[PDB]
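*Asks:* My structure is below; once you've seen it, I'll send some questions.
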Amino acid sequence: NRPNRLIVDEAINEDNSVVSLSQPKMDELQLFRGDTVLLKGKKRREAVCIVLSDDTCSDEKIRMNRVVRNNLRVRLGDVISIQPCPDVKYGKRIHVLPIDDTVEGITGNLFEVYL
Amino acid sequence: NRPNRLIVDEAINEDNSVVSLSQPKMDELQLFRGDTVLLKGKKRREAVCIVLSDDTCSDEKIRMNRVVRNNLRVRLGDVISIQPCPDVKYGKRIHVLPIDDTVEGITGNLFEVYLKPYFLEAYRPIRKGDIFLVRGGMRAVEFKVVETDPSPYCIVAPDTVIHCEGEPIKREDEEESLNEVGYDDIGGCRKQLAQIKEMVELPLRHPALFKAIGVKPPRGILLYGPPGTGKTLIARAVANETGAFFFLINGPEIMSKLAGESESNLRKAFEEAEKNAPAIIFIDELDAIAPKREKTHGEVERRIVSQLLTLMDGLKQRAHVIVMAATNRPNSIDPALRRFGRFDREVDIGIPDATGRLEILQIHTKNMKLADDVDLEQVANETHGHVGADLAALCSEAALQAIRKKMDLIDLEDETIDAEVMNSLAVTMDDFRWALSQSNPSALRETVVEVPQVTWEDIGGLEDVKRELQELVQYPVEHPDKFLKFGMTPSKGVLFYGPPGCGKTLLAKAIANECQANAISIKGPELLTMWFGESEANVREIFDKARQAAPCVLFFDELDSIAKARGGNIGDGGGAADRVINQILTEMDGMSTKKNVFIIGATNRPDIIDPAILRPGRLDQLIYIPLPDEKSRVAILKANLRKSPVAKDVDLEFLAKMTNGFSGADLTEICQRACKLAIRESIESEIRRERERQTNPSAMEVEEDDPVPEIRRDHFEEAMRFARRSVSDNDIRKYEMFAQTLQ
Ligand SMILES: Nc1ncnc2c1ncn2[C@@H]1O[C@H](COP(=O)(O)OP(=O)(O)O)[C@@H](O)[C@H]1O
């Protein structure tokens with residue numbers, strides 16, 4: 001019944017925009033860790049991330065962290081699709097900016113040191 | 001045999017407006033055709049409408065759209081009483097409003113959508129409170145009552161105004177219908193419910209008879225028992241089943257107000273019960289309003305207790321108002337309430353038993369689908385200390401364990417809410433085992449008063465003793481007249497003495513099982529707890545309980561424990577008296593021979609017990625329980641082995657003769673050890689078998705011929721070496737010397 005959608009679960013890796021899936025469902029979708037894959041989510045937002053194949057997480061369940069789920073506007077128990085995107089590009093300058101008051105009371109050339 | 005006494009049976013017309021007929025019964029009736037016939041069922045409800053669309057079936061029974069089994073009745077066995085009352089007025093319009101489903105889907109105007117094709121020359125000949133299935137669709141939606149232009153039932157006509165702008169839902173009447181619980185909702189209390197029925201049925205149902213003559217109604221019924229035993233439910237069930245109005249009051253809402261407003265609310269509540277007579281007033285958790293006088297600290301907390309007492313005494317004039325209260329124990333409230341005119345009747349709800357627990361399980365799991373392997377009898381056997389609500393929680397928890405364990409991710413996003421998943425789902429035994437085993441801390445530590453299950457056949461020997469027990473216990477209740485004729489006063493006590501582990505605790509239960517009486521067991525540790533705690537008042541609470549559950553048997557064992565604690569028989573100091581046996585004697589002497597309460601005592605050191613307990617009265621009969629004989633030993637062996645597969649080459653008769661002086665306890669240990677050896681061998685074999693073929697490069701090998709289906713002679717041979725005697729000939733010589741010196 002469409003082994004593309006999938007349910008959420010917690011994560012172990014601390015890296016951001018990273019995931020891991022059970023070992024058998026790597027040919028079912030037929031794509032490997034290095035394969036950059038896009039994932040769907042509500043309010044019509046889809047985010048691309050690296051991929052990996054693990055064991056602990058069940059075939060029906062994905063692993064990720066708050067960093068990604070926030071922008072994805074998705075919570076646990078929810079379900080999402082998935083699609084490989086080997087068409088990804090070696091991106092050039094891609095503009096960023098700090099978005100918070102976290103910058104409150106700070107100095108120094110944060111750019112280098114932090115990024 | 002009443003001419004208008006006839007049963008009701010199946011029906012085939014789905015428009016309940018129809019009321020049936022039976023020509024053999026009609027000829028005895030004056031039933032006319034037209035709008036309405038006044039029919040009468042139970043608990044004051046009714047359903048009146050057009051008549052005589054029947055006689056398709058035989059006679060002697062009435063037909064009616066099956067809806068009249070939920071409304072106006074419950075089930076078969078009832079008896080319709082259909083007397084016509086035609087030519088009724090025609091009000092403006094009669095309570096046009098559905099209740100349950102008309103909200104789901106297109107609501108429209110709720111009049112010109114579904115029901116308009118019904119009242120066409122049958123303009124709602126209907127009573128207020130009637131409910132039946134009517135739709136312009138799936139053909140099943142109920143109907144209820146909001147508007148009442150005339151007071152009684154009437155008939156509608158065109159050119160009338162409807163007020164259905166209201167919203168369907170559970171109406172006051174609908175909440176009242178669930179509230180119309182009935183006696184089916186209660187299970188596990190067979191005696192108390194009958195006691196309440198006999199107490200209040202006459203005053204509420206038949207006031208006129210009490211008006212004619214002088215009899216005292218029940219002024220106050222105090223139901224005391226642990227929480228979660230269905231007390232307010234009992235009050236609602238009793239009030240509804242007699243048609244009497246029911247009013248509910250709660251303690252917290254009376255003590256969470258300002259000074260005068262609480263008294264004002266109490267007065268208003270009492271007033272609102274005298275204008276709906278015959279009615280009932282129910283107060284729960286009375287301990288929050290009227291605690292012990294010493295406990296009550298403050299001024300406004302006594303102004304609310306005197307007000308209640310004054311209100312109670314203002315009811316002698318009116319015999320049609322009854323008050324029922326609920327608490328845990330009676331000694332938790334001011335005794336002033338317990339009087340002759342305020343609260344004179346008392347009831348102990350108590351605790352259910354295996355039968356009551358099974359009944360509660362059945363009621364709770366009515367709509368819970370259980371596929372298989374759900375006996376519900378072993379569950380009742382394994383629930384010791386559960387009351388009411390707890391079992392309900394059980395029923396829910398196991399059900400959750402059914403869905404949570406595996407449906408965790410299936411129902412997340414694959415489908416929306418559907419019934420093909422809910423109904424296809426079932427509940428198994430492992431869910432109940434997990435619920436009961438894991439997360440069920442029983443909320444009971446109180447003593448239990450209930451009949452045991454031990455029969456006489458469980459005792460190997462002591463044939464002569466059972467005859468004496470019959471003579472002493474059963475005859476006074478069986479044949480009181482013969483005892484009175486000879487000017488004789490029966491004894492009320494007996495004391496057992498003998499070596500340990502010879503079968504003294506079982507007789508107290510077998511006698512009660514034969515006599516069908518409750519039994520109470522009190523151990524030695526409780527006596528030492530009272531001694532160290534210096535709390536002898538609890539003894540009273542024991543005897544009081546024994547008086548409430550008459551007929552019953554009261555059992556004390558390890559009576560020598562206190563005399564043992566303070567030194568030996570000589571003792572470190574003092575004599576043979578103490579502060580706990582004196583109270584026991586005081587309670588014993590102040591007790592009538594009536595009420596059929598028997599007392600039994602057990603010990604193994606009769607030399608140290610107080611002689612005052614052996615005087616005429618108290619316990620005057622002494623019985624000596626000896627070690628079993630070889631035949632008794634084979635009998636005990638069969639009794640102990642009756643619940644295990646032990647078919648073996650060896651013969652229990654062989655074992656018994658080899659034993660010499662073995663007590664009953666020793667014979668219940670050989671079986672356990674032999675079965676332990678057998679189960680250990682079985683587990684070792686199973687682990688080795690499950691391990692070999694998978695550790696070995698053998699994918700699939702199947703063999704499950706039970707290596708240990710029964711206890712063979714080898715296990716008993718091994719066990720016989722590990723068991724010996726547990727007594728000495730000196731103890732037997734002491735017992736014989738006492739049995740001889742008594743002369
Ligand atoms: N006649 C008997 N029949 C069956 N079991 C017995 C008999 N006599 C003793 N027993 C065993 O002894 C145990 C009860 O010991 P009990 O008689 O209460 O000891 P005490 O006499 O010290 O109170 C039970 O577990 C039971 O199996």
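In the structure tokens, chains take the letters A, B, ... in the order shown, each chain's residues start at 1, and ligands count up from 1 in the order shown.
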Taking 5 positions as the minimum chain separation for residues in the same chain, which residues sit within 10 Å of range 287-304 of chain B when counting only C-alpha atoms? Answer as a ChimeraX atom specification.

*Replies:* /B:250-255,258-260,262-263,266,309,325-337

*Asks:* Would you put the residues from that selection into a file with N, CA, C and O atoms, as a CSV table (one decimal), in the first residue's frame?

*Replies:*
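Output saved as selection15.csv:
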```
chain,number,residue,atom,x,y,z
B,250,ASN,N,-24.1,16.6,47.3
B,250,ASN,CA,-22.7,16.3,47.6
B,250,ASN,C,-22.1,17.2,48.6
B,250,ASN,O,-22.4,18.4,48.6
B,251,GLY,N,-21.2,16.6,49.4
B,251,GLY,CA,-20.6,17.3,50.5
B,251,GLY,C,-19.7,18.5,50.1
B,251,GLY,O,-19.8,19.6,50.6
B,252,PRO,N,-18.8,18.3,49.1
B,252,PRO,CA,-17.9,19.4,48.7
B,252,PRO,C,-18.6,20.6,48.3
B,252,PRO,O,-18.2,21.8,48.6
B,253,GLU,N,-19.7,20.5,47.5
B,253,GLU,CA,-20.4,21.7,47.1
B,253,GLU,C,-21.2,22.4,48.2
B,253,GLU,O,-21.7,23.5,48.0
B,254,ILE,N,-21.3,21.8,49.4
B,254,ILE,CA,-21.9,22.4,50.5
B,254,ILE,C,-20.8,23.1,51.4
B,254,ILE,O,-21.2,24.1,52.1
B,255,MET,N,-19.6,22.6,51.4
B,255,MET,CA,-18.5,23.2,52.2
B,255,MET,C,-17.6,24.1,51.4
B,255,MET,O,-16.6,24.6,51.9
B,258,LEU,N,-20.1,30.2,51.0
B,258,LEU,CA,-20.0,31.1,52.1
B,258,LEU,C,-21.0,30.7,53.2
B,258,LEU,O,-21.9,30.0,53.0
B,259,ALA,N,-20.7,31.3,54.4
B,259,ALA,CA,-21.4,30.8,55.6
B,259,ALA,C,-22.9,30.5,55.4
B,259,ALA,O,-23.3,29.4,55.6
B,260,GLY,N,-23.7,31.6,55.2
B,260,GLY,CA,-25.1,31.4,55.1
B,260,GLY,C,-25.6,30.7,53.8
B,260,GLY,O,-26.7,30.1,53.8
B,262,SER,N,-24.5,28.1,52.3
B,262,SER,CA,-24.5,26.6,52.4
B,262,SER,C,-25.8,26.2,53.1
B,262,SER,O,-26.5,25.3,52.6
B,263,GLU,N,-26.2,26.8,54.2
B,263,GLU,CA,-27.5,26.5,54.8
B,263,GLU,C,-28.7,26.8,53.9
B,263,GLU,O,-29.6,26.1,53.9
B,266,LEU,N,-28.9,24.0,51.4
B,266,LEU,CA,-29.5,22.8,52.1
B,266,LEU,C,-31.0,23.0,52.2
B,266,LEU,O,-31.7,22.0,52.0
B,309,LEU,N,-29.5,18.3,61.5
B,309,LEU,CA,-30.3,17.6,62.5
B,309,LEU,C,-31.7,18.2,62.7
B,309,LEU,O,-32.7,17.4,62.8
B,325,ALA,N,-27.8,8.0,53.0
B,325,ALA,CA,-26.4,8.5,53.0
B,325,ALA,C,-25.4,7.5,52.7
B,325,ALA,O,-25.7,6.3,52.6
B,326,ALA,N,-24.1,7.9,52.5
B,326,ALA,CA,-23.1,7.0,52.2
B,326,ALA,C,-21.8,7.5,52.9
B,326,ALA,O,-21.4,8.7,52.9
B,327,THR,N,-21.1,6.5,53.5
B,327,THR,CA,-19.8,6.8,54.2
B,327,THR,C,-19.0,5.5,54.1
B,327,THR,O,-19.4,4.5,53.5
B,328,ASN,N,-17.8,5.6,54.7
B,328,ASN,CA,-16.9,4.4,54.8
B,328,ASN,C,-17.2,3.6,56.0
B,328,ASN,O,-17.4,2.3,55.9
B,329,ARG,N,-17.2,4.2,57.2
B,329,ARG,CA,-17.4,3.5,58.4
B,329,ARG,C,-18.4,4.3,59.2
B,329,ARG,O,-18.5,5.5,59.1
B,330,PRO,N,-19.2,3.7,60.1
B,330,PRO,CA,-20.2,4.4,60.9
B,330,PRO,C,-19.6,5.3,62.0
B,330,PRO,O,-20.2,6.3,62.4
B,331,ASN,N,-18.5,4.9,62.5
B,331,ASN,CA,-17.8,5.6,63.6
B,331,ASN,C,-17.0,6.8,63.1
B,331,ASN,O,-16.3,7.4,63.9
B,332,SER,N,-17.2,7.2,61.9
B,332,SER,CA,-16.6,8.4,61.4
B,332,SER,C,-17.5,9.7,61.4
B,332,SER,O,-17.1,10.7,60.9
B,333,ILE,N,-18.7,9.6,62.0
B,333,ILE,CA,-19.6,10.7,62.0
B,333,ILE,C,-20.2,10.8,63.4
B,333,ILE,O,-20.0,9.9,64.3
B,334,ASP,N,-20.8,12.0,63.7
B,334,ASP,CA,-21.3,12.2,65.0
B,334,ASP,C,-22.4,11.2,65.3
B,334,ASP,O,-23.3,10.9,64.5
B,335,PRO,N,-22.4,10.6,66.6
B,335,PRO,CA,-23.4,9.7,66.9
B,335,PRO,C,-24.8,10.3,66.9
B,335,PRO,O,-25.8,9.5,66.8
B,336,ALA,N,-24.9,11.6,67.1
B,336,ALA,CA,-26.2,12.2,67.1
B,336,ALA,C,-27.1,11.9,65.9
B,336,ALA,O,-28.3,11.8,66.0
B,337,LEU,N,-26.4,11.7,64.7
B,337,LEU,CA,-27.1,11.3,63.5
B,337,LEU,C,-27.7,9.9,63.7
B,337,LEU,O,-28.8,9.6,63.3
```

*Asks:* Pick out the residues no farther than 10 Å from ligand 1, counting only C-alpha atoms and all ligand atoms, and list them as number ranges by chain.

*Replies:* B: 456-462, 496-508, 557-558, 602-604, 625-629, 632-640, 663-669

*Asks:* Write the residues you've just listed into a file as a CSV table (one decimal), in the first residue's frame, and include C-alpha atoms for each of them.

*Replies:*
```csv
chain,number,residue,atom,x,y,z
B,456,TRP,CA,-15.2,-32.0,53.6
B,457,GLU,CA,-13.7,-34.3,51.0
B,458,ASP,CA,-10.5,-32.2,51.1
B,459,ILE,CA,-9.8,-33.6,54.7
B,460,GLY,CA,-8.4,-37.1,54.8
B,461,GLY,CA,-9.7,-38.3,58.1
B,462,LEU,CA,-11.2,-37.1,61.4
B,496,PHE,CA,-9.0,-27.1,69.1
B,497,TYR,CA,-5.6,-28.3,70.4
B,498,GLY,CA,-3.0,-30.5,68.7
B,499,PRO,CA,0.4,-30.6,67.0
B,500,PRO,CA,1.1,-28.2,64.2
B,501,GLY,CA,0.1,-29.0,60.6
B,502,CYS,CA,-2.6,-31.5,61.3
B,503,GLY,CA,-5.5,-29.8,59.6
B,504,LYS,CA,-7.1,-27.4,62.0
B,505,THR,CA,-7.5,-24.3,59.8
B,506,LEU,CA,-9.4,-26.3,57.1
B,507,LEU,CA,-12.2,-27.5,59.4
B,508,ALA,CA,-13.3,-23.9,60.2
B,557,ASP,CA,-5.7,-19.2,65.9
B,558,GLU,CA,-2.3,-18.9,67.4
B,602,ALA,CA,-6.9,-23.1,67.9
B,603,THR,CA,-3.6,-23.6,69.6
B,604,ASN,CA,-0.8,-26.1,70.3
B,625,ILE,CA,-6.7,-33.2,66.6
B,626,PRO,CA,-4.1,-36.1,66.3
B,627,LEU,CA,-1.6,-37.0,63.7
B,628,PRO,CA,-3.2,-38.8,60.7
B,629,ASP,CA,-3.1,-42.6,60.4
B,632,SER,CA,-5.6,-40.8,56.6
B,633,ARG,CA,-2.2,-40.4,55.0
B,634,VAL,CA,-3.2,-42.0,51.7
B,635,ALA,CA,-6.4,-39.9,51.8
B,636,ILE,CA,-4.4,-36.6,52.3
B,637,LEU,CA,-2.1,-37.8,49.4
B,638,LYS,CA,-5.0,-38.2,47.1
B,639,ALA,CA,-6.5,-34.9,48.1
B,640,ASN,CA,-3.2,-33.1,47.5
B,663,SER,CA,2.1,-34.5,59.6
B,664,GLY,CA,-0.2,-33.1,57.0
B,665,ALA,CA,2.3,-30.3,56.2
B,666,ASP,CA,5.0,-32.9,55.3
B,667,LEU,CA,2.6,-34.6,52.8
B,668,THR,CA,2.0,-31.3,51.0
B,669,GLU,CA,5.8,-30.7,50.5
```

*Asks:* Taking only C-alpha atoms into account, what are the residues of chain A at most 12 Å from chain B, put as an MDAnalysis selection string?

*Replies:* chainID A and resid 1:9 58:62 75:81

*Asks:* Write out as a ChimeraX atom specification all residues of range 7-114 of chain A that backbone DSSP assigns to alpha helix (DSSP H).

*Replies:* /A:66-72,110-114

*Asks:* Keeping only N, CA and C atoms, write the selected residues to a file as a short mmCIF file (atom, residue, chain, number, x, y, z; two decimals), in the first residue's frame.

*Replies:*
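File written: again_37.cif
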```cif
data_model
loop_
_atom_site.label_atom_id
_atom_site.label_comp_id
_atom_site.auth_asym_id
_atom_site.auth_seq_id
_atom_site.Cartn_x
_atom_site.Cartn_y
_atom_site.Cartn_z
N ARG A 66 14.49 17.79 15.82
CA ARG A 66 13.64 18.97 15.86
C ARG A 66 14.07 20.00 14.82
N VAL A 67 15.37 20.06 14.53
CA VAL A 67 15.88 21.10 13.64
C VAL A 67 15.13 21.05 12.32
N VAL A 68 14.82 19.85 11.87
CA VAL A 68 14.20 19.65 10.57
C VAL A 68 12.68 19.60 10.70
N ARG A 69 12.19 18.96 11.75
CA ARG A 69 10.76 18.83 11.92
C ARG A 69 10.09 20.18 12.12
N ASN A 70 10.79 21.11 12.75
CA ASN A 70 10.24 22.45 12.93
C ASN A 70 9.95 23.09 11.58
N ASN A 71 10.99 23.25 10.75
CA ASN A 71 10.78 23.83 9.43
C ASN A 71 9.77 23.01 8.64
N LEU A 72 9.73 21.70 8.88
CA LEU A 72 8.75 20.86 8.22
C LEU A 72 7.37 20.99 8.82
N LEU A 110 31.11 36.30 14.11
CA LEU A 110 30.44 35.01 14.24
C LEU A 110 30.48 34.22 12.95
N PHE A 111 30.40 34.90 11.80
CA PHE A 111 30.29 34.20 10.53
C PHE A 111 31.26 33.03 10.47
N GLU A 112 32.54 33.35 10.48
CA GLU A 112 33.58 32.35 10.30
C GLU A 112 33.47 31.27 11.36
N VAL A 113 33.72 31.70 12.59
CA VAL A 113 33.86 30.80 13.73
C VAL A 113 32.70 29.83 13.80
N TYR A 114 31.48 30.32 13.57
CA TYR A 114 30.31 29.49 13.79
C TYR A 114 29.99 28.62 12.58
#
```

*Asks:* Would you pick out the contacts of range 81-96 of chain B at 8 Å or less, using only C-alpha atoms, so that residues sharing its chain but fewer than 4 positions from it are not included, and give the list as a PyMOL selection string?

*Replies:* chain B and resi 4-6+29-32+34-41+111+124+144-150+153-157+160-164

*Asks:* Please save N, CA, C and O atoms of the selected residues as a compact mmCIF listing (two decimals), in the first residue's frame.

*Replies:*
```txt
# COMPACT_ATOMS: atom_id res chain seq x y z
N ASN B 4 -56.67 -8.91 31.58
CA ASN B 4 -55.81 -8.03 30.80
C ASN B 4 -54.34 -8.31 31.06
O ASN B 4 -53.51 -7.40 30.95
N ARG B 5 -54.00 -9.54 31.44
CA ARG B 5 -52.63 -9.97 31.68
C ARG B 5 -52.22 -10.81 30.48
O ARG B 5 -52.61 -11.98 30.37
N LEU B 6 -51.45 -10.21 29.58
CA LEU B 6 -50.99 -10.89 28.38
C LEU B 6 -49.57 -10.46 28.08
O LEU B 6 -49.15 -9.35 28.43
N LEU B 29 -61.96 -6.77 25.56
CA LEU B 29 -61.69 -5.35 25.66
C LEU B 29 -62.79 -4.54 24.99
O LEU B 29 -63.65 -5.06 24.28
N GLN B 30 -62.75 -3.23 25.24
CA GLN B 30 -63.56 -2.26 24.52
C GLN B 30 -62.71 -1.44 23.55
O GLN B 30 -63.09 -0.33 23.17
N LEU B 31 -61.56 -1.98 23.13
CA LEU B 31 -60.63 -1.24 22.29
C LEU B 31 -61.32 -0.77 21.02
O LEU B 31 -61.89 -1.56 20.27
N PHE B 32 -61.26 0.54 20.78
CA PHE B 32 -61.76 1.16 19.57
C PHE B 32 -60.59 1.52 18.66
O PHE B 32 -59.45 1.67 19.10
N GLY B 34 -58.74 4.17 15.99
CA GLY B 34 -58.63 5.60 15.87
C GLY B 34 -57.26 6.13 16.23
O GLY B 34 -56.24 5.71 15.69
N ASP B 35 -57.23 7.08 17.17
CA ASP B 35 -56.01 7.81 17.49
C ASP B 35 -55.17 7.10 18.54
O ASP B 35 -54.00 6.79 18.32
N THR B 36 -55.76 6.84 19.71
CA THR B 36 -54.99 6.59 20.91
C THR B 36 -55.59 5.47 21.76
O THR B 36 -56.81 5.32 21.85
N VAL B 37 -54.70 4.70 22.38
CA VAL B 37 -55.05 3.77 23.44
C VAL B 37 -54.04 3.95 24.56
O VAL B 37 -52.83 3.98 24.32
N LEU B 38 -54.53 4.05 25.79
CA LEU B 38 -53.67 4.25 26.95
C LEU B 38 -53.14 2.90 27.38
O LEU B 38 -53.86 2.09 27.98
N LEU B 39 -51.88 2.63 27.08
CA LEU B 39 -51.26 1.37 27.47
C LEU B 39 -50.26 1.61 28.59
O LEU B 39 -49.70 2.70 28.74
N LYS B 40 -50.07 0.57 29.40
CA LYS B 40 -49.32 0.66 30.64
C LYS B 40 -48.37 -0.52 30.72
O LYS B 40 -48.79 -1.67 30.57
N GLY B 41 -47.09 -0.22 30.95
CA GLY B 41 -46.06 -1.22 31.14
C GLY B 41 -45.45 -1.17 32.53
O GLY B 41 -46.06 -1.64 33.49
N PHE B 111 -37.58 19.77 10.02
CA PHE B 111 -38.99 19.41 9.87
C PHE B 111 -39.35 19.01 8.45
O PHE B 111 -39.87 17.92 8.23
N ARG B 124 -49.65 12.56 14.65
CA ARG B 124 -48.89 12.41 15.89
C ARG B 124 -49.78 12.05 17.08
O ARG B 124 -49.76 12.74 18.11
N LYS B 144 -38.05 12.79 20.35
CA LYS B 144 -38.18 13.11 21.76
C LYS B 144 -39.12 14.31 21.92
O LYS B 144 -39.86 14.67 21.00
N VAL B 145 -39.07 14.94 23.09
CA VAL B 145 -40.07 15.91 23.52
C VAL B 145 -39.38 17.15 24.07
O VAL B 145 -38.55 17.05 24.98
N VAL B 146 -39.71 18.32 23.51
CA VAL B 146 -39.28 19.61 24.03
C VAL B 146 -40.48 20.50 24.33
O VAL B 146 -40.62 21.00 25.45
N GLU B 147 -41.34 20.71 23.34
CA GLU B 147 -42.44 21.65 23.49
C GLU B 147 -43.65 20.98 24.12
O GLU B 147 -43.95 19.81 23.87
N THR B 148 -44.37 21.75 24.95
CA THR B 148 -45.61 21.26 25.56
C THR B 148 -46.55 22.45 25.69
O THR B 148 -46.51 23.19 26.67
N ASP B 149 -47.41 22.63 24.67
CA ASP B 149 -48.45 23.65 24.78
C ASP B 149 -49.57 23.19 25.71
O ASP B 149 -49.87 23.89 26.69
N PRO B 150 -50.22 22.05 25.49
CA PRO B 150 -50.99 21.43 26.56
C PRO B 150 -50.11 20.56 27.45
O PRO B 150 -49.02 20.13 27.06
N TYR B 153 -50.83 14.36 27.06
CA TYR B 153 -50.68 13.95 25.68
C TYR B 153 -51.87 14.41 24.85
O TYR B 153 -53.01 14.46 25.34
N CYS B 154 -51.61 14.76 23.60
CA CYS B 154 -52.65 15.27 22.71
C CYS B 154 -52.36 14.76 21.30
O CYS B 154 -51.55 13.85 21.10
N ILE B 155 -53.03 15.36 20.32
CA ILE B 155 -52.83 15.05 18.91
C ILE B 155 -52.67 16.37 18.17
O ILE B 155 -53.26 17.39 18.55
N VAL B 156 -51.87 16.36 17.11
CA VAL B 156 -51.55 17.57 16.38
C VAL B 156 -52.46 17.68 15.17
O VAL B 156 -53.19 16.75 14.82
N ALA B 157 -52.44 18.83 14.53
CA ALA B 157 -53.25 19.07 13.34
C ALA B 157 -52.52 20.09 12.48
O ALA B 157 -51.61 20.78 12.96
N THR B 160 -50.38 24.57 12.40
CA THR B 160 -49.80 24.71 13.72
C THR B 160 -48.34 25.14 13.61
O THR B 160 -47.68 24.94 12.59
N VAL B 161 -47.85 25.75 14.68
CA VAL B 161 -46.49 26.27 14.74
C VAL B 161 -45.62 25.26 15.47
O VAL B 161 -46.02 24.69 16.49
N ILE B 162 -44.42 25.03 14.93
CA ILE B 162 -43.45 24.12 15.53
C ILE B 162 -42.29 24.93 16.07
O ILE B 162 -41.94 25.99 15.53
N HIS B 163 -41.68 24.43 17.14
CA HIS B 163 -40.46 25.00 17.70
C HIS B 163 -39.43 23.87 17.72
O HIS B 163 -39.23 23.20 18.73
N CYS B 164 -38.77 23.68 16.58
CA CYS B 164 -37.69 22.72 16.43
C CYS B 164 -36.36 23.41 16.16
O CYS B 164 -35.35 22.73 15.95
```

*Asks:* So which bits of range 480-632 of chain B end up strand (DSSP E) when you DSSP the backbone, as a list in words?

*Replies:* residues 493, 494, 495, 496, 497, 518, 519, 520, 521, 522, 552, 553, 554, 555, 556, 597, 598, 599, 600, 601, 602, 603, 621, 622, 623 and 624 of chain B

*Asks:* Env of range 35-42 of chain A: 6 Å cut, atoms = only C-alpha atoms, seq-sep filter 5 positions within chain, self excluded. Answer as a PyMOL selection string.

*Replies:* chain A and resi 47-50+72+80-85

*Asks:* Write the residues of the selection above to a file with N, CA, C and O atoms, as a PDB file, in the first residue's frame.

*Replies:*
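Written output follows (out_11.pdb):
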```pdb
ATOM      1  N   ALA A  47      11.514  19.459   2.349  1.00  0.00           N
ATOM      2  CA  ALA A  47      12.904  19.724   2.676  1.00  0.00           C
ATOM      3  C   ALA A  47      13.766  18.555   2.234  1.00  0.00           C
ATOM      4  O   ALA A  47      13.365  17.394   2.357  1.00  0.00           O
ATOM      5  N   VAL A  48      14.932  18.865   1.701  1.00  0.00           N
ATOM      6  CA  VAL A  48      15.860  17.849   1.232  1.00  0.00           C
ATOM      7  C   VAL A  48      16.906  17.617   2.302  1.00  0.00           C
ATOM      8  O   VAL A  48      17.312  18.535   3.022  1.00  0.00           O
ATOM      9  N   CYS A  49      17.352  16.372   2.403  1.00  0.00           N
ATOM     10  CA  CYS A  49      18.340  16.004   3.399  1.00  0.00           C
ATOM     11  C   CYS A  49      19.147  14.827   2.884  1.00  0.00           C
ATOM     12  O   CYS A  49      18.783  14.176   1.901  1.00  0.00           O
ATOM     13  N   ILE A  50      20.251  14.568   3.573  1.00  0.00           N
ATOM     14  CA  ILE A  50      21.052  13.379   3.337  1.00  0.00           C
ATOM     15  C   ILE A  50      20.254  12.184   3.820  1.00  0.00           C
ATOM     16  O   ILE A  50      19.226  12.340   4.487  1.00  0.00           O
ATOM     17  N   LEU A  72       9.732  21.701   8.881  1.00  0.00           N
ATOM     18  CA  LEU A  72       8.753  20.861   8.217  1.00  0.00           C
ATOM     19  C   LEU A  72       7.367  20.994   8.817  1.00  0.00           C
ATOM     20  O   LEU A  72       6.400  20.532   8.203  1.00  0.00           O
ATOM     21  N   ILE A  80       4.674  11.078   6.188  1.00  0.00           N
ATOM     22  CA  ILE A  80       5.210  11.864   5.089  1.00  0.00           C
ATOM     23  C   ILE A  80       5.581  10.952   3.935  1.00  0.00           C
ATOM     24  O   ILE A  80       5.767   9.745   4.099  1.00  0.00           O
ATOM     25  N   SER A  81       5.737  11.563   2.768  1.00  0.00           N
ATOM     26  CA  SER A  81       6.243  10.884   1.591  1.00  0.00           C
ATOM     27  C   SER A  81       7.759  11.043   1.519  1.00  0.00           C
ATOM     28  O   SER A  81       8.417  11.444   2.481  1.00  0.00           O
ATOM     29  N   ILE A  82       8.322  10.720   0.358  1.00  0.00           N
ATOM     30  CA  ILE A  82       9.764  10.746   0.169  1.00  0.00           C
ATOM     31  C   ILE A  82      10.051  10.563  -1.311  1.00  0.00           C
ATOM     32  O   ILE A  82       9.343   9.829  -2.005  1.00  0.00           O
ATOM     33  N   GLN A  83      11.108  11.218  -1.790  1.00  0.00           N
ATOM     34  CA  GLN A  83      11.533  11.008  -3.169  1.00  0.00           C
ATOM     35  C   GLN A  83      13.015  11.308  -3.337  1.00  0.00           C
ATOM     36  O   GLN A  83      13.489  12.357  -2.885  1.00  0.00           O
ATOM     37  N   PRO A  84      13.778  10.430  -3.982  1.00  0.00           N
ATOM     38  CA  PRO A  84      15.188  10.739  -4.226  1.00  0.00           C
ATOM     39  C   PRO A  84      15.335  11.905  -5.185  1.00  0.00           C
ATOM     40  O   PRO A  84      14.522  12.104  -6.091  1.00  0.00           O
ATOM     41  N   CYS A  85      16.392  12.683  -4.974  1.00  0.00           N
ATOM     42  CA  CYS A  85      16.699  13.846  -5.803  1.00  0.00           C
ATOM     43  C   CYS A  85      18.177  13.827  -6.168  1.00  0.00           C
ATOM     44  O   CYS A  85      18.949  14.696  -5.743  1.00  0.00           O
TER      45      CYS A  85
END
```
